[PDB]
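Reviewing the structure listed below.
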Amino acid sequence: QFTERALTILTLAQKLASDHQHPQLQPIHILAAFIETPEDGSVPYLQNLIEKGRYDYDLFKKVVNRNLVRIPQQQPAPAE
Amino acid sequence: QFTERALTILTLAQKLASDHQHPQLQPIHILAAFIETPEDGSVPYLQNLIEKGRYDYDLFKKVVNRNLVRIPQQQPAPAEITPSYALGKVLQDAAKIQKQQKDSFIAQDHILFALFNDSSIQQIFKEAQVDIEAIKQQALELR
Numbered sequence: 006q007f008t009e010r011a012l013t014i015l016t017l018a019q020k021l022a023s024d025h026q027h028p029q030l031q032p033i034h035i036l037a038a039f040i041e042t043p044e045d046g047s048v049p050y051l052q053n054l055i056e057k058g059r060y061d062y063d064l065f066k067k068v069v070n071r072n073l074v075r076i077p078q079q080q081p082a083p084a085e
Numbered sequence: 006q007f008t009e010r011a012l013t014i015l016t017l018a019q020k021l022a023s024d025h026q027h028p029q030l031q032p033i034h035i036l037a038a039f040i041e042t043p044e045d046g047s048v049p050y051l052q053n054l055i056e057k058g059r060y061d062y063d064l065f066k067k068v069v070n071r072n073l074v075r076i077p078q079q080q081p082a083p084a085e086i087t088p089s090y091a092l093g094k095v096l097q098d099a100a101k102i103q104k105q106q107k108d109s110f111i112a113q114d115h116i117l118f119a120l121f122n123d124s125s126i127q128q129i130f131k132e133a134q135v136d137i138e139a140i141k142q143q144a145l146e147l148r
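Now the structure itself:
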């Protein structure tokens, strides 16, 4: 399976799909989970493989958030 | 009856209606109290029952700001006419919550709960479930 770091983040993605009333877990949510928080220890978001790769981590966050807002809703029980 | 925090949130709902020139107080104004400040420490705004629960605080922020803009500008004299049955009910429900929670004073969380339990986005522009359990979890883990 997944490591404790990856499990934490995947668990978060699953949480986010249910929090957002979305019918499926999809890369939008997985990426959202991989935004995590402002802590620099967030290898997925701040000291990541993208920012040190010369690409804007804020950009990817904002696009994912635009996606999360626009995904169709379900009255929570149908989520995931 | 109320904690100082609960009184602050309710008071802000009332005074924000005065500042925004709004007539009868609505659930919208209590929601306005919730998003009254940028301080993250304000549970009603960023370290929220919404944000750490199920939904993006911005979703809710825009519900409220959209609604505050939507409500037309009134003469200052009626700007906060009355809580009416609407806020009466929220405060009474906050008291019902105290009874359920065995809490000696009304918490700002009881106001968050009671308002959220009664409330629904009034327009198609934003949607969110009143995720009662998520908001309770986050309330219970704080203070």
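The listed protein sequences correspond, in order, to chains A and B.
So the first sequence is residues 6 to 85, counted in full-length UniProt numbering.
So the second sequence is residues 6 to 148, counted in full-length UniProt numbering.
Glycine included, every Cβ here is placed at the ideal spot set by N, Cα and C.
Limits of the unbroken alpha helix (DSSP H) element including residue i
i, result
"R71 (chain B)", "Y62 to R75"
"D114 (chain B)", "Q113 to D123"
"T13 (chain B)", "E9 to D24"
"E56 (chain A)", "Premise fails: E56 (chain A) is in no alpha helix (DSSP H) and is neither H nor E."
"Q134 (chain B)", "First-last for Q134 (chain B): undefined, no H or E at that position."
Closest by C-alpha distance to residue i, when choosing among the options
i, options, result
"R75 (chain A)", "A:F7, A:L17, A:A22 and A:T8", "A:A22"
"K131 (chain B)", "B:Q103, B:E41, B:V68 and B:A37", "B:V68"
"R71 (chain A)", "A:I14, A:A37 and A:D24", "A:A37"
"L30 (chain A)", "A:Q80, A:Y50, A:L17 and A:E56", "A:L17"
"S124 (chain B)", "B:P49, B:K104, B:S109 and B:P32", "B:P32"
"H27 (chain B)", "B:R10, B:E85, B:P49 and B:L120", "B:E85"
"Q19 (chain B)", "B:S109, B:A100, B:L92 and B:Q134", "B:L92"
"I40 (chain A)", "A:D63, A:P77 and A:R59", "A:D63"
"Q80 (chain A)", "B:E9, B:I140 and B:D136", "B:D136"
"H25 (chain A)", "B:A133, B:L145, B:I140 and B:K141", "B:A133"
"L15 (chain B)", "B:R148, B:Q106, B:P49 and B:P43", "B:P49"
"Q113 (chain B)", "B:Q128, B:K141, B:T87 and B:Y90", "B:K141"
"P43 (chain B)", "B:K66, B:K57, B:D61 and B:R59", "B:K66"
Residue i in three-state terms, based on DSSP
i, result
"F110 (chain B)", "coil"
"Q29 (chain A)", "coil"
"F39 (chain B)", "helix"
"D45 (chain B)", "coil"
"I86 (chain B)", "coil"
"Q97 (chain B)", "helix"
"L145 (chain B)", "helix"
"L51 (chain A)", "coil"
"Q127 (chain B)", "coil"
"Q105 (chain B)", "helix"
Chain D contact residues for residue i, given Cβ-Cβ distances below 9 angstroms
i, result
"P28 (chain A)", "No chain D appears in this structure, whose protein chains are A and B."
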